[PDB]
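# Close look at the chain arrangement
Here is what each chain is made of, one letter per residue.
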Amino acid sequence: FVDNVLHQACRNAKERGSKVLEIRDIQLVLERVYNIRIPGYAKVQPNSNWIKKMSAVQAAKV
Amino acid sequence: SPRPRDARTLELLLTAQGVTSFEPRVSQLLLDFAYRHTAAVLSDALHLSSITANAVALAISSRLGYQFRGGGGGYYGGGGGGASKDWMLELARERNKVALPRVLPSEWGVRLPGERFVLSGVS
Amino acid sequence: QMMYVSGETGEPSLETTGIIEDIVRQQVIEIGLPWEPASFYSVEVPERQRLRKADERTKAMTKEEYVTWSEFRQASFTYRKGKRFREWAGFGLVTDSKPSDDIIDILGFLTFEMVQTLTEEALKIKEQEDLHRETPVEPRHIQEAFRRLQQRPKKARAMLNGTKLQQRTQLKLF
Amino acid sequence: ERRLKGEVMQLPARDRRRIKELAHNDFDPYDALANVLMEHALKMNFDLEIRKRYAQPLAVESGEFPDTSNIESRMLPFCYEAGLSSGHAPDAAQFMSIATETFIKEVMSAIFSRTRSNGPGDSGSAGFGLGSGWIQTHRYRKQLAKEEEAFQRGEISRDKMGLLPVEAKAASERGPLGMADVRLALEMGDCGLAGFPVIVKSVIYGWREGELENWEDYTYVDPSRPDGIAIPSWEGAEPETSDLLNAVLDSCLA
Amino acid sequence: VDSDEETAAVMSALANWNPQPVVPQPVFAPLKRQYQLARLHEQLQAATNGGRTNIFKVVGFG
Amino acid sequence: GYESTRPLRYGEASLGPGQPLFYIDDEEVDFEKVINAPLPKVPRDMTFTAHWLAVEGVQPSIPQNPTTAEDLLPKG
Amino acid sequence: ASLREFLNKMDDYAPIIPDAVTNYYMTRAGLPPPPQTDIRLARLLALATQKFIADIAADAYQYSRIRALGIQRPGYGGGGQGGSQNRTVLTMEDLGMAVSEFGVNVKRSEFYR
Amino acid sequence: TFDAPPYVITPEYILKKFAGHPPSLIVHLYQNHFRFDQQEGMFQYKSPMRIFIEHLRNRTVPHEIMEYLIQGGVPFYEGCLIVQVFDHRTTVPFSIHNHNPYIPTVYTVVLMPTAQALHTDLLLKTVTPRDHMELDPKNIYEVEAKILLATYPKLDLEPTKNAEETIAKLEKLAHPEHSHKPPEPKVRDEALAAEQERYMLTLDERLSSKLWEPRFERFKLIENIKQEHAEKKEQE
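Residues numbered from 1 in each chain as written, not as in the entry; some residues may be left out. Chains lettered and ligands numbered in written order. Part of a larger assembly, values for the part shown. Heavy atoms only, no water.

Method of determination, as annotated in the archive: cryo-EM, at 2.6 Å resolution.

Below is the structure:
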């Protein structure tokens, strides 16, 4: 577990342009890969093209 | 009758591989699987971030830790579970070192394992 | 005060109250009826252990201790603190401006129960730890209580039986 | 073969062009295996710091559960591998140790809840509280309720650990967790080990529990029995000095 | 556009399909072996001076 | 939901000249229609028969064998 | 609440699932049918299945009702003209919302191009 | 053409066939460490090279260091290794008061080849530049096949008529290397002086931690640097 979480978190930290490892990276890995939440350490919407396609399909369906 | 593209394409690809018949609802199953995989991968890549190619590669590598341990890979290809071959070789070395069991002609074909490992008193 | 009413008469440190506030804030940020049988139709026609322990403790209480308990019972996050609570909870960052007062009252009702549940579980964990060795509650007891409160009923994973899939969910709202 | 022509010509020319362009792909040299094969066959010298990861015993080797100090020793080589030249935050090792303890507790709880029954009740301070508990049988439930009421009336006393007589009696009958329980639990679900296939494969491929002790335990096929089963009720050449050399080598290995 | 030639080309292209991966497929093994082999390689590299010294050499006939 | 025995139909919409879109064809139905419908037909149970495919290297002309009308002998 | 009494009261608690379906799926799973297995055990299994389905229905009805800006959620393509009258329609969106709480993903594409 | 090995290889056959040849390896064993004949340093029994000693106990070829054996040109005799073992096993320290003027047995054994050794050989050949590499992976299986033909030219292909004959054949074809028993199950005053010693070592940087394998890495690095600098100077 340790030699696995650390490996993922360090590369994730380096991705976003960081020179240090922080608790946020470890938290992201732990919450998204293992469903583990540790307390006490401090949105997507469709755009216009999708709406246009949906409107076209609805108009065809009537 | 109308039919979407990539469906004719998947069916032609299946035919080219020696399949002489298939049920109608295989193409749409494959299309929906592709939709789900794409959505999951890019939703992962969004959090690691505009999204770059490095974020996509890292999301794919992370996903590869708990699924897709199959395929038709050969020499040092991660198929059949993904186990290393040296580990399997040493497990085989440990197992095959014991002498084969001694069986008399009067118990050949009739002897069973111990009571702990058989289905007695199960009804 | 809220901890005191729930049977914690010690003096908790800064870290314990800090972690409790963190948990409550996370919960608040994460947060007839429309689905009754009358809704089946298109026409509507108008009609026509905790308590026992608390009682034992209150009986054991004296006059001054009882008065202090009664005064402390009225602690609230929101009462006369609408602006402070709204700034604390980041209302404008998660919802449109100025939700009605009923929402504020409901949130005040919910936060108190959150704190009470957390305290009551942490006390039991602390006592069980004390027994096996042979003071107030500490952050590790709060961590154990939080871990307990995040477990889900087995009905929510029955469709993963026999397979090797990981269960991934959202934050449970205790 | 006249239907294939119609199927292919029902595709528009763009799709046909895209499909035909696959022939330009330069086959599969699979040269990328080389790296994998290699994996198996003024300035700061970061390699010197990174090579320190292998100078500490593993938990399985020392028999000790990892703590903040060991995790701190492990962190820095990982940071230098990834190009994090400023190290880690001061508060990361404690967070990691807490997470590791939480993970192990979850795994063990999942395994235990599938193979055990008749745990302590919620009468006071002992039990599973607001978490997930075990199953109960009718007789245990009846006796536990009776004893809880009796204690409430003041006629019963708990032991030094706070258990009632029925709870203590039930607890004393349990035993240590064995590999049969783990194997049974792994047939019900992942138990939180989906990301650790090696552990699962180690469990599955091993000897059965109690198999090596009872090597000569046998039953027989008997169609006249209830279940069809009958239960029985050069200097110093090797050949002339191998034993002496083996004694010396065993002394060396200790 | 001859239909026979088009069909032959399309089917021949589809018969030889072979996709390439973006990242390689991982291979798994226990941690103990990895640590032990790393330590052995360190020790042998130190002993042989990076390959400049033959310690297995035998002089004579035994 | 992919084990359905209903036929699979597709409808076509247009995003413009030469830009078609395809959607699955569905339609809202009543519960009375589904609940009151008859069941499919039960097939017969498994069984087996026997017959002579060949006798001493020659296939007999019996109803159980294929007809000569409808590449088996070498001609090199 | 004993198991013996419950199994003895199985006459009054039989579910609406026909015995043929029970036998077919028990055989698929690996249990011989009630001729050799007790009929009461099979009835109990069918009753558990009915209870599970009724739970999944009560939710998704709650979801449909609280739903009565304003665009659909991507990934739940289905439907036609949308029914008629002020009637409650079982849609893919509500079923997906409900079964996400049980650990099931039912997402699809709306169009295919 | 080559001579194939017998069905069961024994130390007697190898030691008699290959008399008059130099041994493959020579190892000296001491009280707490061992070395090789031409080695300068030492290996401790508690070090990773302990693995080699285990092979010496099991009469197996040490594939885990096969590369290092190929680099040094170690000879093989029908895939086995001949090893000679030499056996030498059979006041007031750190006190200023001390005074000062300036104040074996021999064994020979044979290690036999295994399947992991052949796997290692092929894997190493796959990554050894000579086509590019000595062996192309796509040709691996074929190569392996040929090797097998040269190792087992004869097989027992006669059939049996009943189970008794099969039992007799299994009895007759037993191999010593595969005739072991199943393994064993896994198993799990001075106090005052020790306390005083611990108390007297308080706030000690290094001695406290203990309550030692010198590799001379720094000196070797200095020697390498000096050699490189001397070579560079000689150029000018």
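Quick look at the interface of chain H and chain B now. Taken together, the contact between chain H and chain B spans 16 residues of the former and 16 residues of the latter. For the chain H face of the interface with chain B, the top three residues by lost area are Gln-116, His-119 and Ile-167 of chain H, together amounting to 36%. Applying the counting rule to chain H against chain B returns zero salt bridges. Elements supplying a minimum of two residues to the side of chain H that touches chain B: α4 (115-126), α5 (140-151) and α6 (163-172) of chain H. Looking at the side of chain H that touches chain B element by element, the count peaks at five residues for α6 of chain H. (Contact = heavy atoms within 4.5 Å. Buried area = accessible area lost by both parts, 1.4 Å probe. Salt bridge = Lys/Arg side-chain N within 4 Å of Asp/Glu carboxyl O. Helix = DSSP H or I, 4+ residues; strand = E, 2+ residues; numbered from the N terminus.)

All names here are of chain H. With five of five residues buried, strand β1 (residues 25-29) lies mostly within the body of the structure. Of the two faces of β1, both are covered, the one formed by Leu-25, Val-27 and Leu-29 as well as the one formed by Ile-26 and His-28. Inspection of the sheet shows β1 paired to strand β4 (residues 81-87) by five bridges, in the parallel sense. The partner of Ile-26 across the bridge, within β4, is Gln-84. Taking the residues between adjacent antiparallel strands as the criterion, β1 and strand β2 (residues 33-36) are bridged by three residues. (Buried < 20%, exposed > 50% of the residue type's maximum accessible area, 1.4 Å probe, protein only. Pairing = 2+ DSSP bridges.)

Let us now look at helix α6 (residues 68-81) of chain D. Taking 1.5 Å as the rise per residue, α6 of chain D with 14 residues should run 20 Å; its terminal C-alpha atoms sit 21 Å apart, in good agreement. Here the buried face of α6 of chain D lies against α1 (2-15) of chain A, α4 (46-50) and α7 (92-113) of chain D together with α2 (31-48) of chain E. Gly-83 of chain D occupies a position one or two residues after α6 of chain D and carries a positive phi of about 90 degrees. (Expected span 1.5 Å × (residues − 1).)

A separate point is the packing of helix α7 (residues 101-133) of chain C against helix α8 (residues 139-149) of chain C. The axes of two packed helices give the description: the angle between them and the distance between them. Residue and element names in this part refer to chain C. One can describe the packing of α7 onto α8 by two numbers: an axis separation of 8 Å at closest approach and a directional angle of 115 degrees. The crossing of α7 and α8 is right-handed. When α7 is examined against α8, the residues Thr-117, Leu-118, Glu-121, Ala-122, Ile-125, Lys-126 and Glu-129 are found in contact with a partner set consisting of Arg-140, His-141, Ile-142, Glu-144, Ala-145, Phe-146, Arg-148 and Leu-149. Partitioning the contact of α7 with α8 into residue classes produces seven nonpolar, two polar and six charged. (Axes fitted to C-alpha atoms, helices over the stretch in contact; angles between N-to-C directions. Left-handed = near helix turned anticlockwise from the far one by under 90°. Nonpolar A, V, L, I, M, F, W, Y, C, P; charged D, E, K, R; others polar.)

Now for the interface of chain D and chain B. Contact residues are listed per partner, giving 33 residues for chain D and 32 residues for chain B. Of the roughly 2,800 Å² buried between chain D and chain B on both sides combined, carbon and sulfur atoms contribute 62%. The tally of links between chain D and chain B comes to zero salt bridges. In this assembly, chain D and chain B are joined by seven residue pairs in polar contact. For the side of chain D that touches chain B, the secondary-structure elements that each account for two or more residues are α1 (2-9), α2 (13-20), α3 (33-40), α11 (197-205) and β1 (219-221) of chain D. In terms of residues, the side of chain D that touches chain B owes the most to one element, α11 of chain D, which gives five residues. When grouped by side-chain class, the residues that make up the side of chain D that touches chain B number 17 nonpolar, seven polar and nine charged. Two strands pair when backbone bridges link them, and strand β1 (residues 111-112) of chain B and β1 of chain D are joined in this way by two bridges, in the antiparallel orientation. By the bridge assignment for β1 of chain D, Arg-111 of chain B is matched with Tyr-220 of chain D. (Polar contact = N/O pair within 3.5 Å; in protein donor to acceptor, adjacent residues only side chain to side chain.)

Within the open sheet, the five strands sit side by side as β3-β2-β1-β4-β5 (chain H). Their pairing is mixed. The open sheet has two edge strands with one neighbour each: β3 (43-44) and β5 (105-111) of chain H. Alignment of β1 of chain H against β2 of chain H, held across three bridges, turns out to be antiparallel. Across the sheet, the residue bridging to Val-27 of chain H is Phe-36 of chain H, located in β2 of chain H. Seen against the sheet, helix α12 (residues 238-253) of chain D touches β1, β4 and β5 of chain H and runs at an angle of roughly 100 degrees to β5 of chain H.

We now examine unusual backbone geometry. With a phi close to 65 degrees, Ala-42 of chain A is a non-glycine residue in the positive phi region. Checked against the element boundaries, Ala-42 of chain A lands in the loop between α2 (23-34) and α3 (48-61). In this model, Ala-254 of chain D sits at a positive phi of 65 degrees, which is unusual for a non-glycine residue. Secondary-structure assignment places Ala-254 of chain D in the segment after α12.

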